[PDB]
Amino acid sequence: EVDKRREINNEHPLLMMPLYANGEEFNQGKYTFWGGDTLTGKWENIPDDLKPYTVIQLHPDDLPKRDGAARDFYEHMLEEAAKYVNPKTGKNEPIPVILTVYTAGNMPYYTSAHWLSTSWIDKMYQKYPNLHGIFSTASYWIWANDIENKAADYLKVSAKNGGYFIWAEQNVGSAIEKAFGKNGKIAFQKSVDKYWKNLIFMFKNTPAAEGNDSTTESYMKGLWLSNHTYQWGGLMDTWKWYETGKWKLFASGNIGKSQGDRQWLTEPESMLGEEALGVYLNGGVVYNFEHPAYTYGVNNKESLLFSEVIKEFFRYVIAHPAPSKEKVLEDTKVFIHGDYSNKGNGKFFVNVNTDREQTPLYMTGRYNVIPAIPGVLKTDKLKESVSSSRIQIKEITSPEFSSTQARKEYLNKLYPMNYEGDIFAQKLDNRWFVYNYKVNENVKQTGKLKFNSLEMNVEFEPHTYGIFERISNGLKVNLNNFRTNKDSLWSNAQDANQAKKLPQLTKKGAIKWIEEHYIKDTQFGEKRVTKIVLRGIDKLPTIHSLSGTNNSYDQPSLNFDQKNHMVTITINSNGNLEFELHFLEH
Ligand SMILES: CC(=O)N[C@@H]1[C@@H](O)[C@H](O[C@@H]2O[C@H](CO)[C@H](O)[C@H](O[C@H]3O[C@H](CO)[C@H](O)[C@H](O)[C@H]3NC(C)=O)[C@H]2O[C@@H]2O[C@@H](C)[C@@H](O)[C@@H](O)[C@@H]2O)[C@@H](CO)O[C@H]1O
């Protein structure tokens with residue numbers, strides 16, 4: 001083992017910061033990114049507390065599809081990254097970089113990344129200590145004949161240099177299963193046997209119409225727990241709204257894949273946090289997002305989605321490290337071995353812990369995420385772990401997995417019901433994590449959670465998550481329901497058919513819209529009500545350390561009922577919010 005260039009784990013999570021090459025301007029002799037971010041400007045704008053946990057991910061996007069283009073662009077930016085001087089201290093502080101080296105099967109008709117040899121990658125690793133890793137993303141839909149052989153080389157050249165190979169992929173057409181050798185292409189399987197400590201595997205939830213969210217995330221978690229990857233994460237993509245044909249929030253009708261650039265703007269901001277919770281709560285530590293202009297920002301400025309949701313969520317996972325592999329293994333009661341492709345893919349979990357075929361969310365935390373590995377792999381390194389002796393390792397073909405009903409009946413015996421109400425809730429140590437799991441339906445949800453004898457009832461509108469921590473002097477609360485009004489994008493269309501026929505916003509038009517109507521002159525959503533009821537309380541609680549998105553919340557209202565020893569907390573907000581309540585139990 002060569003010394004790793006960086007740590008990636010629960011205590012050192014990783015936020016990837018994508019910068020997409022502008023190929024049109026490249027043809028004009030410029031070195032720029034779509035959305036107007038600069039490498040240096042973006043890095044400088046990253047908050048100093050986040051800098052140790054964030055890496056700039058270069059992507060070749062629409063660079064010319066010919067030899068030399070991607071190399072020329074990448075060498076230019078690695079030079080900029082390497083020579084960076086911190087203006088406050090005057091010291092050279094090389095900016096850490098990940099290069100996107102593989103995507104779209106590296107077909108010469110799809111990407112300039114085709115003309116990046118492993119020899120060149122090796123050269124850049126040796127030249128640039130700030131090159132921390134290389135990234136393969138989104139070939140599920142174009143599974144090239146030598147993809148597994150090429151992934152083996154990427155992992156090996158990374159290991160050789162102490163860098164990470166990062167692969168984001170979704171289980172469309174058995175991609176994850178094939179990667180590990182299902183169809184007999186075993187090169188990457190063998191590479192992983194030697195070099196897994198340098199591999200990061202991530203889901204990529206983009207192809208949402210295929211509904212592989214639950215099954216891909218289950219693999220990512222199981223690969224990690226069984227030592228087939230060093231850590232895991234997910235790329236969470238607002239393009240899912242396009243893939244599934246949604247339009248105006250809560251509107252009826254499906255428009256199909258007809259308004260791409262309006263559609264990738266429409267996913268509620270807070271829903272990205274709901275998606276990211278599934279990574280964190282299950283020991284994942286790597287985060288990435290598309291579309292970058294919405295999820296991160298433009299012109300070296302943070303979008304409100306980034307500042308109010310993603311940034312604050314990432315700060316949370318740094319302050320409260322995700323459960324360790326040891327911890328997750330200890331809590332795991334069932335571990336699946338086999339191919340989800342043989343068992344209905346995402347349908348496997350529908351009405352088990354997901355409410356529908358096409359969703360990135362869960363409807364219960366009762367089983368958290370059941371971890372799995374493809375049938376091609378062995379559970380040897382899993383059983384070698386000391387923390388894994390209480391786990392039932394089960395073939396996916398077992399009768400307990402044969403139907404929806406059999407799955408719940410089997411899992412219910414091993415995972416006890418630990419809350420009430422039709423809402424998503426999961427508990428870690430002294431913390432309840434809660435969200436409303438509705439995607440595009442305006443329906444409130446309620447739950448009853450307990451901290452021993454203390455009862456907490458909550459009422460959540462859609463696109464609202466909360467983290468409730470029992471501390472010695474009371475309850476720490478994090479709430480996020482940030483959701484701006486996107487209706488303007490869908491102006492002039494009263495129904496789905498009409499929305500289909502709107503003029504294309506276009507990629508450049510959407511970037512412009514962000515600049516003109518999201519970065520500034522934002523159409524904020526209306527404040528909306530969250531209720532929290534605590535039963536078993538001695539006196540009216542006091543509120544402390546209240547803060548949140550500027551101008552986004554009314555002062556919380558507390559109504560204490562001495563006779564019933566209970567308080568009703570009414571919050572009216574639209575944003576990120578945190579406070580503590582101080583009280584004693586009765
Ligand atoms: C040949 C073909 O059409 N291939 C499709 C893939 O490109 C799709 O991958 C992503 O799908 C999105 C739609 O769900 C979208 O097209 C996205 O690209 C657009 O957005 C990104 C930033 O998010 C860039 O701005 C791209 O320039 C822009 N492209 C277009 C034409 O609008 C696709 O993601 C990109 O491409 C893939 C291959 C990876 O390289 C990603 O890292 C890129 O961001 C796929 C969806 O399942 O569908 C294929 O048919």
# chains A, B, ... in the order shown; residues from 1 in each chain; ligands from 1

$ residues_near_ligand --ligand "ligand 1" --cutoff "7 Å" --atoms "only C-alpha atoms and all ligand atoms" --output "VMD selection string"
chain A and resid 61 to 62 103 to 104 110 137 to 139 141 206 to 207 239 to 240 242 to 243 290 to 292 507

$ residues_around --residues "stretch 167-179 of chain A" --least-positions-apart "6" --cutoff "6 Å" --atoms "only C-alpha atoms" --output "list in words"
residues 135, 136, 137, 138, 140, 148, 201, 202, 203, 204, 212, 216, 341 and 374 of chain A

$ write_last_selection --atoms "N, CA, C and O atoms" --output "PDB file, in the first residue's frame"
ATOM      1  N   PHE A 135     -12.607   9.701 -11.668  1.00  0.00           N
ATOM      2  CA  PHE A 135     -14.059   9.509 -11.547  1.00  0.00           C
ATOM      3  C   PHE A 135     -14.621   8.896 -12.824  1.00  0.00           C
ATOM      4  O   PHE A 135     -14.344   9.362 -13.928  1.00  0.00           O
ATOM      5  N   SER A 136     -15.379   7.818 -12.650  1.00  0.00           N
ATOM      6  CA  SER A 136     -16.107   7.190 -13.733  1.00  0.00           C
ATOM      7  C   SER A 136     -17.578   7.369 -13.391  1.00  0.00           C
ATOM      8  O   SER A 136     -17.981   7.106 -12.261  1.00  0.00           O
ATOM      9  N   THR A 137     -18.374   7.844 -14.346  1.00  0.00           N
ATOM     10  CA  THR A 137     -19.795   8.121 -14.071  1.00  0.00           C
ATOM     11  C   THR A 137     -20.718   7.815 -15.255  1.00  0.00           C
ATOM     12  O   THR A 137     -20.429   8.199 -16.388  1.00  0.00           O
ATOM     13  N   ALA A 138     -21.822   7.125 -14.978  1.00  0.00           N
ATOM     14  CA  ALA A 138     -22.942   6.997 -15.908  1.00  0.00           C
ATOM     15  C   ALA A 138     -22.637   6.288 -17.224  1.00  0.00           C
ATOM     16  O   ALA A 138     -22.784   6.882 -18.280  1.00  0.00           O
ATOM     17  N   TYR A 140     -24.158   3.073 -17.302  1.00  0.00           N
ATOM     18  CA  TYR A 140     -25.193   2.020 -17.189  1.00  0.00           C
ATOM     19  C   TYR A 140     -25.968   1.838 -18.486  1.00  0.00           C
ATOM     20  O   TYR A 140     -26.368   0.728 -18.817  1.00  0.00           O
ATOM     21  N   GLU A 148     -15.261  -3.197 -17.725  1.00  0.00           N
ATOM     22  CA  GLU A 148     -14.700  -3.854 -16.537  1.00  0.00           C
ATOM     23  C   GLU A 148     -13.172  -3.902 -16.576  1.00  0.00           C
ATOM     24  O   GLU A 148     -12.523  -3.618 -15.562  1.00  0.00           O
ATOM     25  N   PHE A 201     -17.461   3.464  -4.324  1.00  0.00           N
ATOM     26  CA  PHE A 201     -18.580   3.183  -5.221  1.00  0.00           C
ATOM     27  C   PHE A 201     -19.810   3.991  -4.825  1.00  0.00           C
ATOM     28  O   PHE A 201     -20.186   4.045  -3.643  1.00  0.00           O
ATOM     29  N   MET A 202     -20.441   4.612  -5.814  1.00  0.00           N
ATOM     30  CA  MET A 202     -21.595   5.477  -5.561  1.00  0.00           C
ATOM     31  C   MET A 202     -22.770   5.109  -6.445  1.00  0.00           C
ATOM     32  O   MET A 202     -22.579   4.625  -7.566  1.00  0.00           O
ATOM     33  N   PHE A 203     -23.983   5.337  -5.945  1.00  0.00           N
ATOM     34  CA  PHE A 203     -25.148   5.263  -6.818  1.00  0.00           C
ATOM     35  C   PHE A 203     -25.201   6.522  -7.692  1.00  0.00           C
ATOM     36  O   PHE A 203     -24.509   7.494  -7.409  1.00  0.00           O
ATOM     37  N   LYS A 204     -25.984   6.485  -8.762  1.00  0.00           N
ATOM     38  CA  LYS A 204     -26.235   7.666  -9.569  1.00  0.00           C
ATOM     39  C   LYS A 204     -27.713   7.650  -9.928  1.00  0.00           C
ATOM     40  O   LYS A 204     -28.110   6.930 -10.839  1.00  0.00           O
ATOM     41  N   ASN A 212     -34.436   1.934 -10.019  1.00  0.00           N
ATOM     42  CA  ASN A 212     -33.382   1.142  -9.346  1.00  0.00           C
ATOM     43  C   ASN A 212     -32.739   1.818  -8.123  1.00  0.00           C
ATOM     44  O   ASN A 212     -31.642   1.444  -7.688  1.00  0.00           O
ATOM     45  N   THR A 216     -29.902  -0.225  -6.005  1.00  0.00           N
ATOM     46  CA  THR A 216     -28.522   0.253  -6.160  1.00  0.00           C
ATOM     47  C   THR A 216     -27.954   0.696  -4.810  1.00  0.00           C
ATOM     48  O   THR A 216     -26.809   0.393  -4.493  1.00  0.00           O
ATOM     49  N   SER A 341     -31.618  -7.926 -10.263  1.00  0.00           N
ATOM     50  CA  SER A 341     -32.080  -8.021 -11.654  1.00  0.00           C
ATOM     51  C   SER A 341     -32.958  -9.235 -11.909  1.00  0.00           C
ATOM     52  O   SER A 341     -33.773  -9.226 -12.835  1.00  0.00           O
ATOM     53  N   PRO A 374     -24.168  -8.465  -5.266  1.00  0.00           N
ATOM     54  CA  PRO A 374     -24.489  -9.317  -6.412  1.00  0.00           C
ATOM     55  C   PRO A 374     -24.122 -10.786  -6.169  1.00  0.00           C
ATOM     56  O   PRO A 374     -23.194 -11.073  -5.421  1.00  0.00           O
TER      57      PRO A 374
END

$ closest_atom_pairs --of "stretch 420-445 of chain A" --to "stretch 461-481 of chain A" --cutoff "8 Å" --atoms "only C-alpha atoms" --output "JSON lines"
{"residue": "A:430", "atom": "CA", "partner": "A:470", "partner_atom": "CA", "distance": 5.5}
{"residue": "A:431", "atom": "CA", "partner": "A:469", "partner_atom": "CA", "distance": 4.3}
{"residue": "A:432", "atom": "CA", "partner": "A:468", "partner_atom": "CA", "distance": 5.1}
{"residue": "A:433", "atom": "CA", "partner": "A:467", "partner_atom": "CA", "distance": 4.6}
{"residue": "A:434", "atom": "CA", "partner": "A:466", "partner_atom": "CA", "distance": 5.2}
{"residue": "A:435", "atom": "CA", "partner": "A:465", "partner_atom": "CA", "distance": 4.3}
{"residue": "A:436", "atom": "CA", "partner": "A:462", "partner_atom": "CA", "distance": 5.2}
{"residue": "A:437", "atom": "CA", "partner": "A:462", "partner_atom": "CA", "distance": 6.8}
{"residue": "A:438", "atom": "CA", "partner": "A:462", "partner_atom": "CA", "distance": 5.7}
{"residue": "A:439", "atom": "CA", "partner": "A:462", "partner_atom": "CA", "distance": 7.3}
{"residue": "A:441", "atom": "CA", "partner": "A:462", "partner_atom": "CA", "distance": 7.5}
{"residue": "A:442", "atom": "CA", "partner": "A:462", "partner_atom": "CA", "distance": 6.3}
{"residue": "A:443", "atom": "CA", "partner": "A:462", "partner_atom": "CA", "distance": 6.5}
{"residue": "A:444", "atom": "CA", "partner": "A:461", "partner_atom": "CA", "distance": 4.5}
{"residue": "A:445", "atom": "CA", "partner": "A:461", "partner_atom": "CA", "distance": 6.4}

$ write_last_selection --atoms "N, CA and C atoms" --output "mmCIF file, in the first residue's frame"
data_model
loop_
_atom_site.group_PDB
_atom_site.id
_atom_site.type_symbol
_atom_site.label_atom_id
_atom_site.label_comp_id
_atom_site.auth_asym_id
_atom_site.auth_seq_id
_atom_site.Cartn_x
_atom_site.Cartn_y
_atom_site.Cartn_z
ATOM 1 N N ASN A 430 -29.354 8.668 20.149
ATOM 2 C CA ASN A 430 -30.385 9.513 20.772
ATOM 3 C C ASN A 430 -31.117 10.425 19.797
ATOM 4 N N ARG A 431 -31.084 10.072 18.514
ATOM 5 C CA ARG A 431 -31.584 10.957 17.464
ATOM 6 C C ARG A 431 -32.643 10.271 16.611
ATOM 7 N N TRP A 432 -33.774 10.954 16.442
ATOM 8 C CA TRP A 432 -34.785 10.540 15.489
ATOM 9 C C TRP A 432 -34.656 11.389 14.242
ATOM 10 N N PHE A 433 -34.585 10.711 13.099
ATOM 11 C CA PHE A 433 -34.552 11.366 11.798
ATOM 12 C C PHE A 433 -35.877 11.097 11.144
ATOM 13 N N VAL A 434 -36.532 12.158 10.699
ATOM 14 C CA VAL A 434 -37.907 12.045 10.196
ATOM 15 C C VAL A 434 -38.049 12.793 8.875
ATOM 16 N N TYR A 435 -38.747 12.198 7.911
ATOM 17 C CA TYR A 435 -39.223 12.992 6.790
ATOM 18 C C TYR A 435 -40.539 12.524 6.216
ATOM 19 N N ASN A 436 -41.245 13.470 5.607
ATOM 20 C CA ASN A 436 -42.441 13.181 4.827
ATOM 21 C C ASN A 436 -41.962 12.622 3.485
ATOM 22 N N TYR A 437 -42.461 11.441 3.113
ATOM 23 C CA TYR A 437 -41.923 10.716 1.956
ATOM 24 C C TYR A 437 -42.650 10.932 0.629
ATOM 25 N N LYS A 438 -43.684 11.770 0.637
ATOM 26 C CA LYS A 438 -44.396 12.111 -0.588
ATOM 27 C C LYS A 438 -43.453 12.844 -1.559
ATOM 28 N N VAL A 439 -43.553 12.504 -2.834
ATOM 29 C CA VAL A 439 -42.684 13.074 -3.851
ATOM 30 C C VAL A 439 -43.341 14.298 -4.512
ATOM 31 N N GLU A 441 -47.048 14.848 -4.199
ATOM 32 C CA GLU A 441 -48.435 14.851 -3.693
ATOM 33 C C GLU A 441 -48.502 15.720 -2.443
ATOM 34 N N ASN A 442 -49.449 16.658 -2.411
ATOM 35 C CA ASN A 442 -49.497 17.603 -1.300
ATOM 36 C C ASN A 442 -50.264 17.032 -0.104
ATOM 37 N N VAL A 443 -49.625 16.126 0.632
ATOM 38 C CA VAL A 443 -50.290 15.381 1.691
ATOM 39 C C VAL A 443 -49.414 15.413 2.943
ATOM 40 N N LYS A 444 -49.987 15.863 4.057
ATOM 41 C CA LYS A 444 -49.286 15.920 5.348
ATOM 42 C C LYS A 444 -49.111 14.521 5.918
ATOM 43 N N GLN A 445 -48.036 14.322 6.671
ATOM 44 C CA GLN A 445 -47.811 13.058 7.347
ATOM 45 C C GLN A 445 -47.532 13.263 8.819
#

$ select_by_dssp --residues "stretch 262-334 of chain A" --states "strand (DSSP E)" --output "list in words"
residues 286, 287, 288, 289, 290, 297, 298, 301, 302 and 334 of chain A

$ atom_distance --atom1 "atom CA of residue A:275" --atom2 "atom CA of residue A:251"
21.7 Å

$ closest_residue --among "A:51, A:150, A:383, A:257" --to "residue A:116" --atoms "only C-alpha atoms"
A:150

$ residues_around --residues "residue A:248" --least-positions-apart "4" --cutoff "9 Å" --atoms "only C-alpha atoms" --output "VMD selection string"
chain A and resid 252 263 266 486 to 487 489 to 490 496 499

$ write_last_selection --atoms "C-alpha atoms" --output "PDB file, in the first residue's frame"
ATOM      1  CA  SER A 252     -51.564  16.359 -12.392  1.00  0.00           C
ATOM      2  CA  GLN A 263     -37.686  19.926 -15.256  1.00  0.00           C
ATOM      3  CA  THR A 266     -38.228  21.874 -10.268  1.00  0.00           C
ATOM      4  CA  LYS A 486     -40.907  27.156  -9.332  1.00  0.00           C
ATOM      5  CA  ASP A 487     -44.375  27.827 -10.857  1.00  0.00           C
ATOM      6  CA  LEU A 489     -41.126  27.951 -15.092  1.00  0.00           C
ATOM      7  CA  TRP A 490     -44.504  26.421 -15.883  1.00  0.00           C
ATOM      8  CA  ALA A 496     -49.754  18.515 -19.003  1.00  0.00           C
ATOM      9  CA  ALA A 499     -46.724  22.071 -20.674  1.00  0.00           C
TER      10      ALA A 499
END

$ atom_distance --atom1 "atom CA of residue A:382" --atom2 "atom CA of residue A:319"
28.7 Å

$ select_by_dssp --residues "stretch 192-258 of chain A" --states "alpha helix (DSSP H)" --output "list in words"
residues 192, 193, 194, 195, 213, 214, 215, 216, 217, 218, 219, 220, 221, 222, 223, 224, 225, 240, 241, 242 and 243 of chain A

$ write_last_selection --atoms "N, CA and C atoms" --output "CSV table (one decimal), in the first residue's frame"
chain,number,residue,atom,x,y,z
A,192,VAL,N,-10.5,-5.5,-7.5
A,192,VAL,CA,-11.1,-5.1,-6.2
A,192,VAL,C,-10.6,-6.0,-5.1
A,193,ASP,N,-10.4,-7.3,-5.4
A,193,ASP,CA,-9.8,-8.2,-4.4
A,193,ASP,C,-8.5,-7.7,-3.8
A,194,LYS,N,-7.6,-7.1,-4.7
A,194,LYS,CA,-6.4,-6.4,-4.3
A,194,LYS,C,-6.5,-5.0,-3.8
A,195,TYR,N,-7.3,-4.2,-4.5
A,195,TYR,CA,-7.2,-2.7,-4.3
A,195,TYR,C,-8.5,-2.0,-3.8
A,213,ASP,N,-33.4,2.8,-7.6
A,213,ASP,CA,-32.8,3.6,-6.5
A,213,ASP,C,-32.5,2.7,-5.3
A,214,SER,N,-33.6,2.0,-4.8
A,214,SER,CA,-33.5,1.2,-3.6
A,214,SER,C,-32.4,0.0,-3.7
A,215,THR,N,-32.5,-0.6,-4.9
A,215,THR,CA,-31.6,-1.7,-5.1
A,215,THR,C,-30.1,-1.3,-5.3
A,216,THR,N,-29.9,-0.2,-6.0
A,216,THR,CA,-28.5,0.3,-6.2
A,216,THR,C,-28.0,0.7,-4.8
A,217,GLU,N,-28.7,1.4,-4.0
A,217,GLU,CA,-28.2,1.9,-2.7
A,217,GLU,C,-27.9,0.7,-1.8
A,218,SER,N,-28.8,-0.3,-1.8
A,218,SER,CA,-28.6,-1.6,-1.1
A,218,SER,C,-27.3,-2.2,-1.5
A,219,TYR,N,-27.0,-2.3,-2.8
A,219,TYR,CA,-25.7,-2.8,-3.2
A,219,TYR,C,-24.5,-2.0,-2.7
A,220,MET,N,-24.6,-0.6,-2.8
A,220,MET,CA,-23.5,0.3,-2.4
A,220,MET,C,-23.2,0.0,-0.9
A,221,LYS,N,-24.2,0.0,-0.1
A,221,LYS,CA,-24.1,-0.3,1.3
A,221,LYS,C,-23.5,-1.7,1.6
A,222,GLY,N,-24.0,-2.7,0.9
A,222,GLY,CA,-23.5,-4.1,1.1
A,222,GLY,C,-22.1,-4.3,0.6
A,223,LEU,N,-21.7,-3.7,-0.6
A,223,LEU,CA,-20.3,-3.7,-1.1
A,223,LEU,C,-19.4,-3.2,-0.1
A,224,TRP,N,-19.7,-2.1,0.6
A,224,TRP,CA,-18.9,-1.4,1.6
A,224,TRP,C,-18.8,-2.3,2.9
A,225,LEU,N,-19.9,-2.9,3.3
A,225,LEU,CA,-19.9,-3.7,4.5
A,225,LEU,C,-19.1,-5.0,4.3
A,240,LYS,N,-33.8,13.7,-12.3
A,240,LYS,CA,-34.8,12.7,-12.0
A,240,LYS,C,-36.3,13.2,-12.3
A,241,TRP,N,-36.5,14.4,-12.2
A,241,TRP,CA,-37.8,15.1,-12.5
A,241,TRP,C,-38.2,15.0,-13.9
A,242,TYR,N,-37.1,15.2,-14.8
A,242,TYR,CA,-37.2,15.1,-16.2
A,242,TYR,C,-37.4,13.6,-16.6
A,243,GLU,N,-36.6,12.7,-16.1
A,243,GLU,CA,-36.7,11.3,-16.4
A,243,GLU,C,-38.0,10.7,-16.2

$ atom_distance --atom1 "atom CA of residue A:360" --atom2 "atom CA of residue A:133"
27.2 Å

$ residues_around --residues "residue A:98" --least-positions-apart "6" --cutoff "6 Å" --atoms "only C-alpha atoms" --output "list in words"
residues 57, 132, 133 and 134 of chain A

$ closest_residue --among "A:584, A:281, A:566, A:519" --to "residue A:300" --atoms "only C-alpha atoms"
A:519
